[PDB]
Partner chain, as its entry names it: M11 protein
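A lone chain, given as structure tokens: the form deposited without the partner chain.
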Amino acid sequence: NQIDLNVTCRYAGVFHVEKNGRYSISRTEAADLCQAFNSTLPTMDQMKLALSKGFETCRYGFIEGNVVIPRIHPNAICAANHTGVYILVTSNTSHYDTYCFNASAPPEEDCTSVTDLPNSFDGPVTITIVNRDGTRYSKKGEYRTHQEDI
């Protein structure tokens, strides 16, 4: 009963979250997840400003209304060499990573570690935030409000 959440640097409040190191988050879980970080799913505009501040990944994730990959540098194996906020158009499947937006985060690049999940609720899951530099923060709780997600 254990969930790893891989989190990135924030860029204008926008960060990426990977559950258990694979595409495994539903749209409804993604909203629940961001709310656990006192965050929301980014708008396209929030995501575009994050991009301009240095934000890029090589992973599909939910924002509000779409599934995207922010790209700065052209790479053939990430969004097929596109740049800008690349929008997934055609896919059979519904599970991806998520982006979240924290409005209290610094305005530009914040590559400090994430040390809490301030809005998780009571629950029996060991939830571990895993930072890129390997730093870990763990707590017992839960964040999923939809039964079909558990």
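Positions refer to the first chain, counted from 1. Shifts are known only where both forms have a C-alpha. By rigid core we mean the largest C-alpha set that fits within 1.5 Å across both forms.
A.B. asks: Averaging C-alpha B-factors over each stretch, which comes out higher, 86-94 or 107-115?
C.D. replies: 107-115 has the higher mean C-alpha B-factor.
A.B. asks: Taking the recorded C-alpha temperature factors, which stretch has the higher mean, 116-124 or 62-70?
C.D. replies: Between 62-70 and 116-124, it is 116-124 that shows the higher mean C-alpha B-factor.
A.B. asks: Please place residue 40 in the lowest, middle or highest third of its chain by C-alpha B factor as given in the entry.
C.D. replies: According to the entry, residue 40 has a C-alpha B-factor in the chain's middle third.
A.B. asks: Looking at the temperature factor on the CA atom of residue 20, which third of the chain's modelled residues does it land in?
C.D. replies: For residue 20, whose C-alpha B-factor we compare with every modelled residue in the chain, the answer is the highest third.
A.B. asks: Going by the CA temperature factor in the PDB record, which third of the chain does residue 141 belong to: lowest, middle or highest?
C.D. replies: As the PDB entry reports it, the C-alpha B-factor of residue 141 lands in the highest third of its chain.
A.B. asks: Looking at the temperature factor on the CA atom of residue 57, which third of the chain's modelled residues does it land in?
C.D. replies: For residue 57, whose C-alpha B-factor we compare with every modelled residue in the chain, the answer is the lowest third.
A.B. asks: Going by the entry, which third of its chain does the Cα temperature factor of residue 3 land in?
C.D. replies: Its C-alpha B-factor belongs to the highest third of this chain's values.
Separately, the form solved in complex with the partner chain exists; it is not shown, and the next lines address it.
A.B. asks: Only one of 46-54, 112-120, 85-93, 28-36 gets a heavy atom within 4.5 Å of the partner chain in the deposited complex; which is it?
C.D. replies: Going through the listed ranges, the match is 85-93.
A.B. asks: Residue-level question: is residue 72 within 4.5 Å of the partner chain in the deposited complex, judged on heavy atoms?
C.D. replies: Flag for residue 72 set to no.
A.B. asks: Go through 61-85 residue by residue and record those having a heavy atom within 4.5 Å of the partner chain in the deposited complex; state none if no residue qualifies.
C.D. replies: The stretch 61-85, when checked against the partner chain in the deposited complex, contributes 76, 77, 79, 80, 81, 82, 85 at the 4.5 Å heavy-atom cut-off.
A.B. asks: Fix the rigid core, compare C-alpha positions between this form and the one not shown, and report which of 83, 91, 52, 119 shifts by 2 Å or more.
C.D. replies: Single hit from the list, 91.
A.B. asks: Quick one: in the deposited complex, is the Cα gap between residue 92 and residue 27 smaller or bigger than here? Answer closer or farther; it shifts by 3 Å or more.
C.D. replies: It is closer: in the deposited complex, the C-alpha atoms of residue 92 and residue 27 lie at least 3 Å nearer than they do here.
A.B. asks: Closer or farther apart in the deposited complex, the C-alpha atoms of residue 91 and residue 74, for a change of 3 Å or more?
C.D. replies: Farther apart, by at least 3 Å.
A.B. asks: Suppose the core is superposed; which segments, at least 3 residues long, show C-alpha displacements of 2 Å or more throughout between this form and the one not shown?
C.D. replies: When the rigid core is held fixed, residues 89-93 make up the only run that shifts.
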